[PDB]
Every structure is written in C-alpha cells, then in structure tokens.
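All remarks here apply to the structure that follows.
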Amino acid sequence: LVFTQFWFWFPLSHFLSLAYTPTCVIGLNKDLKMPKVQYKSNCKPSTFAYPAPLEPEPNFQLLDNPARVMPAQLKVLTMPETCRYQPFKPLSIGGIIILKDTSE
Amino acid sequence: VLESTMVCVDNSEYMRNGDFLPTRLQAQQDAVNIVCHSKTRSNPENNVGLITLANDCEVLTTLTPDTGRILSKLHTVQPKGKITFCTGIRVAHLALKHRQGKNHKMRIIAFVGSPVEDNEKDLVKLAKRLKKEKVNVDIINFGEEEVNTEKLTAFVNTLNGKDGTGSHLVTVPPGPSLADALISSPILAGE
Amino acid sequence: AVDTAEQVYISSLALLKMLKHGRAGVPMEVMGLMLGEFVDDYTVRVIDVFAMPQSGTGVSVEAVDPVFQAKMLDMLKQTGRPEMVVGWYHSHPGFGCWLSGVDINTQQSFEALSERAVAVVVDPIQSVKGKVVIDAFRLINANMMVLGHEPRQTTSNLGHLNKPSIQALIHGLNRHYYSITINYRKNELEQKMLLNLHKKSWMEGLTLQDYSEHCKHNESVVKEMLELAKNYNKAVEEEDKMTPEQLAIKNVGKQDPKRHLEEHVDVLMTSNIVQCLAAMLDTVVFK
C-alpha cells in the first residue's frame, strides 16, 4: 500500500522491501545449520530456470538447501529417494522445513 | 508618542448654558481646537476621532490625524437632549479598538460638563473593563462641580488602581473660556 | 530548488472576482492584483483579487495608481484580508494561457521583489459554462537554462499537468515559464453555500403550474407528436429495407423521427406526471 502511495512522494516507493517475500525453502537440522543435502524437482529444468542473462531436455532438476522454489515450482518439488535428512514437514507446503535426520 | 485619541463631547440642553464666556458650546469649541492643535504638535501620525454625547450618543468622525474635519464637523452642532454617557464611553472604547494603528496608545478624553445620572457601581465595573482593556481616560468637567465630581473622582480612582496615572480628572469652576485651564492642565502639561 | 508539486489553492472568491473582472475587461487585457499567502514551500494560498482602475489601450494595459494600490493594501489590512501581495493576474481573452513579453517583464519584476511570486492568466472568452480556462505561472531562469539546470524536481506524478497546451508551448511554455497546478479548497461554509446558490424556494417547490397553460401545452405537444409519428412511419417504411446502411447517418441530414419522438415524449412525461403528483400532494397536504 505505501509503495502504491508514491504519486505524491517518490521516497515511499522503497517500501516494497517489506513485501519482498524470500522465495526459498531451507532445510534446517536440529543443530540449527544447513545440512549439505539436495532437493529434487520432478519437472523440466527449463520451465523454472533463471532467465537467460542479457539431451533434448530432462524432466529432473536438483538443488541445495538454499533453494529458489517458486510457488508453482514448489508442489512438484520433492526430496530425493533417500537421504540422511528427511522432510519432517511435507515439502509441497513450502517455506522453511525442519529435517529429521537418520543415524548420522 | 504614537497616540490614538477618541474625544467625547457633551451637548446636553445644559450646554445651552453660558456660564463660561462666551457660552458653553463655544467653550467646547475652544477646548477641541486647543486639544487638536496640541495633538498635532505631538507626533503628527497621532490620530483623532470625535463623538457627541446626547440622547443617542452619536459619533461624528472616526479616527483620523486631521483636525480640520474635526473642528469643521464640531462647529455644526447644537446643544440638545441629555448626556447618556455609559453608552458613549462604550462606543468610544470600541472606536479605539477598531483603530488602524495598533501600536498607538489608546486614549479617551470626555468633555462631561453636566450632572451625571449614573450608577457608581456600574461606573466602577466599566472602569475595571476599560483598565483591563488598557485604555487611559481623561475627563474635563465644567459646571456640576458637586453633582458628579465625586462620581468622576471615584471612576478615575478606579481606572488608576494604585498606579494608573494615565487616568486624569480636570474639573473647572465657573469662569472664562475653557482654554487657560486646559493649556495649564496636567493632561497637556505632561505633553 | 523549487518543487514540481507546488500548488496554488485559489479561493472561490478569488476565482469569481478574477473571472468577472476579465469578462468585464474583454478585449482589454485587464489586470488585477491578488492577496494570498505562502504557507510553505509546496503551497501558495490565494485569498482575494482586486482589479486596477487603469483602462489603457486595446492591445496593452498599464498601472496608473500605485497610490491606489498602497491605500487598498493598508485598508484591507485594517479590515478584510490581512494578507499581502503574492502575485498578479490578467485576462488573455482568446489566446490560451501564455505570457507575452511585457507579461514576462512584469513577472521578472514581481519575482525580483519576492522570488516566489506568481502570475495568473484567465480566458473568459474560453472559460466555458463548466470547466474554466485558467492557469498559473512562474518564470524560468535563463541562468539555469544556460547552466543546464532544470526548472523543478518532479518528486511526484503531479507533473503530467494535463497535457501542457500546444499554444502555450508555442508562446514559450516550459522554455521561459512553466505551468503550475491550481486547486480549490473550501472551509465548508462557502462549500454548502455554493450548494445553496442553485437551490430554489418552496414557493415554487409547491407552486403547481397553472392548468390552462398546461392543457394548451399538452395540446401542442400531442399535435407535434402526431406529425412526428407520421414521419416516423414513413421513415420506418423503408428503414433497413432498401439498405441505407451505406447511407448510414448520411441518409438525411435533417429531421430524425425517433429522436424527436423520444425527446418530446420524455418532456411531456415530466410535465404531466409531476403536475399530477403536485395536485395529489397539495389536495391531500392542505387538510
């Protein structure tokens, strides 16, 4: 709202920093740190890749705990078959997930 | 000093009198002339205005530094009716209020030779109002040296409070024109 | 440095006086002064405008009585508006809202006196029974133009200014003088007053229109309706038939049946219905 209220004062347009919502999913462990584990999207890494800076195509993509996961490109996102860390919360939920860990 | 001076003048049927040579109305004319000349010799920007006190306490000239219009208008006057006072003083105070030059100190002078038919309590309350409104009054009485002199003394004492020297009384006994008293009067002696 | 969002709120009183003066002064480029105030760095409040007795020549005007103006100033300080000069205005009857050379010189003087003065222009010829052709102005510094500086920082979208007029551009807009945005603010009294201006009296509010005149009015309206019906029947007799689509509106440049029919039927609705209602209401309300 404040940003939209810039007609009358430009300096207000900075307020969109507030609305900036990190489009990320973080897998956090009990040690309160990133575990070096990867995520997988069962989808083409062509429909959800970064825009081009200014195998025909697979249906799989991989990522790390710091994971740019768009809304539509979140439901299909999944943890690989097996890992030390498993999603204590359904990954299709999104956001920050805690990871239950195996033996070690 | 920057002075805005309102002047009220009685014209009651008693001012048909002639105890003062040549006659009371002409004595008033002389008094207004001398006072106007004194004010002019004072700071020229000083402003003047005129009121006549009668059954309806009319107003002749609003504030102006001129004296020619003052005297000219005052000439075209005849004594009639009885002084209504009170209302005249209030009108004069409103006049002083609505003065263009606010810096000018606010001074009323009343030619009140007559018997005053006023309640002294309301006189005192009006004194309070005027002193709180910061206007200094000078009375010139002639004739009723006994009927109203005590009332005017009480009124002036009220205005003065303990230090309000700006208030002044000048009561003149029977005698010649009302010129020598005014010229050798404290109100103009201070000038 | 001045701002783009600078506004001039002109009192309704000021606008009315400006317009009346100019309309009186057509064609003379009549001139008047206004008292307002500089509330802040983004606003200028214009209170009142009073004219100038001068009546010069059919191409130019001139100040006559600086004594006149000084006395007006002192007295209005005494009573009226204790404001004090903020600009000046003059009509340009049928030119737009641009400043002539003499206009610009007068301004230059005004700014020299008070850097943030204002000029104002009105077109009583053009100001319509509706929107009103007016504008405000302030010069452009040649020093700034040569140094490459710019008139105003536009810290707003209030820089559209409603498409600066081509005529103003031609006459020098934005190259020596720049437009400013006018506005009208009312402290509710003049507002509801304005509302009152048009409002009419219950005298008429209940005064039923005479009825003989009304009967004759209906007679005439029904007659013209009959004739319009005749020509409408003729028009529909072909209408689309014989395909005037190519003819379109240009089938005839005169006497459309339908439009007249609907207009008069609507007006006679209004008349007859409201008069009958007033009759009912009076008959029953005065008992």
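Since every read-out is calculated from the coordinates, none of them should be taken as a lab result. As a convention, Cβ positions derive from the backbone with ideal geometry for all residues, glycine included, and neighbour counts pool all protein chains shown.
In summary, C:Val221 fulfils each of the numbered conditions (1) assigned to a loop (DSSP other than H, G, I, E, B); (2) away from chain A (no Cβ under 14 Å); (3) among the β-branched types (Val, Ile, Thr) with the single exception of condition (1).
Of all residues in segment A:1-35 being within 14 Å of chain C (Cβ to nearest Cβ) and not in a loop (DSSP other than H, G, I, E, B), which is nearest to A:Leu63 (Cα to Cα)? Outline the logic, then answer.
So in segment A:1-35, the residues within 14 Å of chain C (Cβ to nearest Cβ) come out as A:3-14.
Pick out the ones that are also not in a loop (DSSP other than H, G, I, E, B) and you get A:10-14.
Working: A:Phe10: 39, A:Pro11: 38, A:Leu12: 36, A:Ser13: 34, A:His14: 31 Å.
Selected residue: A:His14.
With respect to being of a type outside the set (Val, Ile, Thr) and either under 26 Å from C:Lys20 (Cα atoms) or touching a strand residue (DSSP E or B) at 6+ places or on another chain (Cβ under 7 Å) (or both), C:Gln209 falls outside the description. If I filter segment A:36-56 down to residues being exposed (fewer than 10 other Cβ atoms within 10 Å of the Cβ) and under 25 Å from A:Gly94 (Cβ atoms), which single residue comes out as nearest to the other protein chains (Cβ to nearest Cβ)? Only one residue tops the list, namely A:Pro51.
Which one of C:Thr4, C:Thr57 is out of contact with any helix residue (DSSP H, G or I) (no Cβ under 7 Å at 6 or more places or on another chain) and closer than 21 Å to C:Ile180 by Cα?
Working: C:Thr57 fails: closer than 21 Å to C:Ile180 by Cα.
None of the others qualify; the one that does is C:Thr4.
For C:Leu15, the stated conditions hold: it is in a helix (DSSP H, G or I) and touching a strand residue (DSSP E or B) at 6+ places or on another chain (Cβ under 8 Å). Among the residues of segment C:223-278, count how many are surrounded by 12 or more Cβ atoms within 10 Å (Cβ to Cβ) and β-branched (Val, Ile, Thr). Total satisfying the criteria: 4. Taken over segment B:106-131, the criterion of being outside any strand (DSSP E or B) and under 24 Å from B:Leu188 (Cα atoms) is satisfied by B:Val112, B:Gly113, B:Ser114, B:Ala127, B:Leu130, B:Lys131. Exactly one residue out of B:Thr40, B:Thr52 is assigned to a helix (DSSP H, G or I) and either closer than 18 Å to B:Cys86 by Cβ or β-branched (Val, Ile, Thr) (or both): that is B:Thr40.
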